[PDB]
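As given, the protein sequences belong to chains E, Z, B, P, H and W, one line each in that order.
The opening position of the first sequence corresponds to residue 1 in the numbering used here, with each subsequent residue numbered one higher.
The opening position of the second sequence corresponds to residue 115 in the numbering used here, with each subsequent residue numbered one higher.
The opening position of the third sequence corresponds to residue 235 in the numbering used here, with each subsequent residue numbered one higher.
The opening position of the fourth sequence corresponds to residue 355 in the numbering used here, with each subsequent residue numbered one higher.
The opening position of the fifth sequence corresponds to residue 599 in the numbering used here, with each subsequent residue numbered one higher.
The opening position of the sixth sequence corresponds to residue 940 in the numbering used here, with each subsequent residue numbered one higher.
A virtual CB, placed ideally from N, CA and C, is assigned to each residue, including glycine.
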Amino acid sequence: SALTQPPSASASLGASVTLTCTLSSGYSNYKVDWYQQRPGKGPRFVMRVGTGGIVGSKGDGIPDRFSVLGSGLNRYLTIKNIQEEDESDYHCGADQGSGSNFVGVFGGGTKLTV
Amino acid sequence: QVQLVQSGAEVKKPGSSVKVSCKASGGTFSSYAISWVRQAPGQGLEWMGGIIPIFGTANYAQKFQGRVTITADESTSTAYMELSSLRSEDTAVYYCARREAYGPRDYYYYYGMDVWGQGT
Amino acid sequence: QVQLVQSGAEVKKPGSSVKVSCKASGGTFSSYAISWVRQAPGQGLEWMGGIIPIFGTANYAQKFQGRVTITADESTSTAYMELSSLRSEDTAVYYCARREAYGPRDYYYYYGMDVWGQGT
Amino acid sequence: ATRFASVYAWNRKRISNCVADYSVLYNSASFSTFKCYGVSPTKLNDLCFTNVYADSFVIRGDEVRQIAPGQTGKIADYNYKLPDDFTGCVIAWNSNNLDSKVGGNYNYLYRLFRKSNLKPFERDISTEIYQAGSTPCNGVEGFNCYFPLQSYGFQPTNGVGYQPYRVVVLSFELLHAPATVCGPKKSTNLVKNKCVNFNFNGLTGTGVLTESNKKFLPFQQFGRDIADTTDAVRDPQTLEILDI
Amino acid sequence: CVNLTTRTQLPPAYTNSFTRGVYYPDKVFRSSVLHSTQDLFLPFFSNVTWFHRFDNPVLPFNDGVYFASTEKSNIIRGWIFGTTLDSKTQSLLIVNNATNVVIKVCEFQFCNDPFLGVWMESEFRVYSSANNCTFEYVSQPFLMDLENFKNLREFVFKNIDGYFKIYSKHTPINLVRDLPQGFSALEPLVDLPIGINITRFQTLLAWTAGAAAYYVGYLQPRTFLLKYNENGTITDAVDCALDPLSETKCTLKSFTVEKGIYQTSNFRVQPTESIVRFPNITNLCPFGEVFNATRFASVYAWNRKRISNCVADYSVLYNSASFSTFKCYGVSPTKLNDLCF
Amino acid sequence: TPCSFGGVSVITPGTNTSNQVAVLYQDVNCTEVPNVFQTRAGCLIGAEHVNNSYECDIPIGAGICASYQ
Ligand SMILES: *[C@@H]1O[C@H](CO[C@@H]2O[C@@H](C)[C@@H](O)[C@@H](O)[C@@H]2O)[C@@H](O[C@@H]2O[C@H](CO)[C@@H](O[C@@H]3O[C@H](CO[C@H]4O[C@H](CO)[C@@H](O)[C@H](O)[C@@H]4O)[C@@H](O)[C@H](O)[C@@H]3O)[C@H](O)[C@H]2NC(C)=O)[C@H](O)[C@H]1NC(C)=O
Ligand SMILES: *[C@@H]1O[C@H](CO)[C@@H](O)[C@H](O)[C@H]1NC(C)=O
Ligand SMILES: *[C@@H]1O[C@H](CO)[C@@H](O)[C@H](O)[C@H]1NC(C)=O
Ligand SMILES: *[C@@H]1O[C@H](CO)[C@@H](O)[C@H](O)[C@H]1NC(C)=O
Ligand SMILES: *[C@@H]1O[C@H](CO)[C@@H](O)[C@H](O)[C@H]1NC(C)=O
Ligand SMILES: *[C@@H]1O[C@H](CO)[C@@H](O)[C@H](O)[C@H]1NC(C)=O
Ligand SMILES: *[C@@H]1O[C@H](CO)[C@@H](O)[C@H](O)[C@H]1NC(C)=O
């Protein structure tokens, strides 16, 4: 199944929307990324979560409200104080390395209709 | 500052070959984990390959191995892709994506895909 | 007990490609020296290739090197063959043949081809 | 085995209370490395050990040379340290056909950075962010803030030095305790009051065996003289005390 | 599980270890000899914490412990060994031989006051959850009675190099309130093959009290000279670091010292501070201009750059993952940052 | 210079008579050592200095001898 991600969810304004991007057993110890795709525009980087913590980023057209947490084999992206600007398609990917970049298995994506 | 821009959109007859460029302006090129990704209309993103210019080696996905050729031209600070045997399902927008590098540079310690292309 | 059976007979017009399977039922698969052989109608047997699934490497004859592709799928306990550029003389019955293994398994100590396929 | 451990988190199986036939393992043609330290590889079947530990992991081809006493490098220093007085044999073989995948097998991990070197047979399975600089990381990766583990990208097109190798290290412990692991030796009849060459559970010498009047305690297997040389043995098959 | 709280809260009491805590250090028979061995032993006349009431808090376990009990109705049940003893780490459980003599190194979720209860046994309230069993050994079934002194039981518990070593001795005793003076050695009872990290322990007892007390001492690396008799029994010992007469006895390899002068050791003042002084240079060494160079020389005409008057930080170069060979001759690669050239 | 050091000699009657001992720190000043008697061989602790001379039993050095009385 590799990266399993729910098709679509819907949360109300000012609420918490925890999005689960699960990591498969074979793909367990892989870096996980998060991207925001506006409808019809190119996806942009939001936050990156590693198995040991948070990669850390700022100034990428991402509101301060967005946050990401990684517990076990499940990676959670948490949105607090959501407004109508957050309606978009979010994608989580896998990654690997040591000189050949390997591949990123991108999940189905989430359509968060506010 | 640093940004990656490529050539415009091309339309090709099925069964032909398409070559897509990717220009790099700003920063210290050839340390970036240049990646190639795509998304079908109405479908989630699908990886195809990636390349690190300094190592001169290219990696490809199993779905596209033997059909996608990726090269990085260090002299022009550009990254090139060659895709052949296009089919009906292969039509989509194509993105050229990079990653910041930190650390020993021989072992994977990279940031996120902060900068993206404008489409193809 | 142990036996190898494949798919039926195929007829292809010249210049096409033919793919022949070989199923394995019983015994401890991937230790067998799976071999591919053929015999022209009215002529003696001619070898073309062989494969050991655990080693994942395939050997081919000089007459058929660059034209015969042989792979072994360990998951289904099956062995596959792909033959391209068929000509008039290439038509014949095709046999999938195995060999018992004993010893270190890295160095050739094998029994005879006790079990054969039913033809193709 | 089909599920070898990662070198940063290597597996250990303890083997005891059995007969260890090393002619099958030694005379196997399937291993590419069989280098022994402290014992010779061709006399192994004549010895007895207290217990044997079999440590196993996958490492990089160029790194097989580091699994030895007195070596340095990322693996020898941060993953698996072998002691300099190691008694045992280090066994390695090419396992590209089992451990390699076409896109690359990333399930084999190694520790790349550590604050200090490991002690012999020490394990470290923590995932603490490595501090490279003077600025606290507070759990976040970045420059001078590093993730300590990395994977080996095993691909079938890699050169020999970059192919996977499976390594099994057999550590042979020799302490004053009952022996439980012995080679495939056959026993002979016991001869008393005659000049003989003896081998009593690994204790060897030349001498005359007589009945002893020493009151050995139930746990004592042999004795020593004032000179600290063997002068008495408990027979390993019948719990009889002999003077030598 | 039951938390016993009906305990007077007093500081630990102390007694005199006298000549207790000697065990057979090895498995070799010797007789009519004095053998000097350096091992973990209970020091002679070491102060020993004394517990009764219902006295049994959690105690530290350092290098190892000495356990002895003076009892009339067999109240001691066993010991709990582990690191946290709450299923976060591997732990060792030794139950009384009444069910079976059993050492279970299974992963148990223990209570914050484990015990056994009794006069007949009913309750077994030692642990709750128990899975991930890695080692088990069960001694031939027996039975631990659940209901001046006459019976003395001595135990030594060590956790060394993969073995959990238990030593024990059974003797007559005659004191009312103390550890006897006189000598006995503890023979090994069983060698447990468990490579366990043990740092903390708790005592299991079997509400009302029985007639019992127990003692806990701590082991240290010491050199002892042991006297073996004609039957190979240890009959005396001197802890040579206790005082200068024992030190003389250890040096002369005898328990009798003649009138005279003996040179037995060497006194040395130990340093109390580490004083490190290096020059006031702060500029970094120009290594980066040679390692990341784009125009390396040919080997027949190799380049040489001389580096001087700078601070050479070798942890960046040594701790770099980018080099495949780093072989040092004359110096070690991991001590390079402490040297000056 | 290195830190103060020296040999330790135990002055004793035999164990047939008494287990009381005295310790001589040879050529080490009294102060750095930790009935303290300063002599040419060093400071001798545990022996009581008396003005009454006797036959040498246990020699100390530089004219000093010790005995059990
Ligand atoms: C080999 O070379 C690389 C690259 O350095 C360049 O080439 C050399 C020859 C010289 O011309 C340099 O002037 C060139 O820059 C070196 O890697 C660099 O190491 C230095 C420290 O020694 C790094 O400087 C740090 O930068 C930190 C902030 O940058 C972080 O974020 C950026 C993205 O915004 C990211 O790209 C970067 O990697 C960091 O994650 C800063 O906090 C820190 O204090 C310090 O200033 C520099 O950034 C590194 N560059 C890269 C891309 O890794 C090697 O050190 C050098 N090795 C040797 C042995 O010489
Ligand atoms: C085997 O050894 C045991 C002691 O462990 C002994 O009692 C028994 O008689 C021996 N049997 C043989 C086959 O000699
Ligand atoms: C112990 O067993 C349980 C159940 O199988 C398992 O979930 C847990 O991870 C195991 N722990 C260890 C130490 O293996
Ligand atoms: C042993 O347990 C102690 C408990 O404080 C812990 O600090 C230490 O790291 C442990 N050591 C090992 C090797 O597990
Ligand atoms: C030693 O054993 C003998 C015979 O059992 C006995 O007579 C003697 O009293 C014992 N004690 C010693 C040390 O002599
Ligand atoms: C010993 O030290 C004290 C105090 O410094 C000093 O007065 C005395 O003279 C010293 N004696 C010797 C022998 O140096
Ligand atoms: C011994 O001699 C010392 C030094 O002269 C003197 O101070 C002391 O009073 C004398 N008497 C005794 C017996 O101590």
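Proximity test, Cβ basis, 8 Å: residue i and chain P
i, result
"residue 340 of chain B", "yes"
"residue 54 of chain E", "yes"
"residue 268 of chain B", "no"
Separation of residue j from residue i, as counted between CA atoms
i, j, result
"residue 537 of chain P", "residue 260 of chain B", "36 Å"
"residue 769 of chain H", "residue 945 of chain W", "45 Å"
"residue 996 of chain W", "residue 1006 of chain W", "5 Å"
"residue 546 of chain P", "residue 586 of chain P", "14 Å"
"residue 371 of chain P", "residue 404 of chain P", "9 Å"
"residue 523 of chain P", "residue 411 of chain P", "9 Å"
"residue 923 of chain H", "residue 911 of chain H", "19 Å"
"residue 123 of chain E", "residue 493 of chain P", "There is no way to answer for residue 123 of chain E, as the model of chain E reaches only from 1 to 114."
"residue 121 of chain Z", "residue 194 of chain Z", "11 Å"
"residue 851 of chain H", "residue 640 of chain H", "20 Å"
"residue 138 of chain Z", "residue 167 of chain Z", "12 Å"
"residue 654 of chain H", "residue 800 of chain H", "7 Å"
"residue 974 of chain W", "residue 616 of chain H", "27 Å"
"residue 475 of chain P", "residue 789 of chain H", "21 Å"
"residue 483 of chain P", "residue 502 of chain P", "6 Å"
"residue 119 of chain Z", "residue 456 of chain P", "32 Å"
Beta-carbon proximity list for residue i, same chain, < 6 Å, skipping 5 on both sides
i, result
"residue 197 of chain Z", "132 and 182"
"residue 942 of chain H", "Outside the displayed span of chain H (599 to 939) sits residue 942 of chain H, for which this structure offers no information."
"residue 645 of chain H", "612"
Neighbour flag for residue i against chain B, beta carbons, 8 Å
i, result
"residue 451 of chain P", "yes"
Residue(s) in a DSSP beta bridge with residue i
i, result
"residue 292 of chain B", "B/285"
"residue 611 of chain H", "H/648"
"residue 357 of chain B", "There is no way to answer for residue 357 of chain B, as the model of chain B reaches only from 235 to 354."
"residue 667 of chain H", "H/751 and H/812"
CB contact below 8 Å: residue i versus chain Z
i, result
"residue 919 of chain H", "yes"
"residue 114 of chain E", "no"
"residue 68 of chain E", "no"
Local conformation of residue i per DSSP, three classes
i, result
"residue 298 of chain B", "coil"
"residue 124 of chain Z", "coil"
"residue 561 of chain P", "strand"
"residue 377 of chain P", "helix"
"residue 568 of chain P", "coil"
"residue 791 of chain H", "coil"
"residue 44 of chain E", "strand"
"residue 779 of chain H", "coil"
Chain H contact for residue i (CB, 8 Å cutoff)
i, result
"residue 370 of chain P", "yes"
Proximal chain C residues relative to residue i, where beta-carbon distance stays under 8 Å
i, result
"residue 50 of chain E", "No chain C is part of this structure, whose protein chains are labelled E, Z, B, P, H and W."
Proximity test, Cβ basis, 8 Å: residue i and chain W
i, result
"residue 914 of chain H", "no"
"residue 945 of chain H", "Because chain H is modelled from 599 through 939, residue 945 of chain H falls outside the range shown and cannot be assessed."
"residue 643 of chain H", "no"
Cβ-based neighbour list, residue i, same chain, cut-off 8 Å, excluding 5 preceding and 5 following
i, result
"residue 949 of chain W", "960, 961, 962 and 963"
"residue 845 of chain H", "838, 839, 862 and 863"
"residue 291 of chain B", "285"
7 Å Cβ shell around residue i - same chain, five flanking residues per side excluded
i, result
"residue 748 of chain H", "770 and 771"
"residue 86 of chain E", "79, 112 and 114"
"residue 1001 of chain W", "978, 979 and 980"
"residue 65 of chain E", "79, 80 and 81"
CB contact below 8 Å: residue i versus chain E
i, result
"residue 504 of chain P", "yes"
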